[PDB]
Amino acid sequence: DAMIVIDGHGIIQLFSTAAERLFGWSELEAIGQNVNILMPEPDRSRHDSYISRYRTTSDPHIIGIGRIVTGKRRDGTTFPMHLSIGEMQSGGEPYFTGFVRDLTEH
């Protein structure tokens, strides 16, 4: 339902309408920010590493695999969500697409 697209450095490039309702940020506020603003520690402080790691090893842990994780809303509250992630190229640069499913109220 909710879709988020980030660039190779973790910066949000697209934030769908459902994502706004789910995380509390507006599309304009979300775009330009690191995707780690949507998660609690320790993932938050480590997410950039996860991405760099994947980019240098090309060994997926979540891409094409999926996982249930905890996200964080604008107000600071945490919730369960399923995440599916894909990768694609545009203009020779990588972009990651994420499908987010809220398990708090599906």
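What we label the rigid core is the largest C-alpha set whose atoms superpose within 1.5 Å from one form to the other. Position 1 is the first residue in the sequence shown; the rest follow in order.
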Determine, for 57-65 and 43-51, which one has C-alphas that on average lie farther from this form in 6 other deposited structures of this protein; superpose on the rigid core first.
57-65
Out of 26-34 and 53-61, which one has CA B-factors that are higher on average in the deposited record?
53-61
Could you look up the Cα B-factor of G91 in the entry and say which third of the chain it sits in: lowest, middle or highest?
highest
For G76, the third of its chain by CA B-factor is the highest
By the record's CA B-factor, is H47 among the lowest, middle or highest third of residues in the chain?
middle
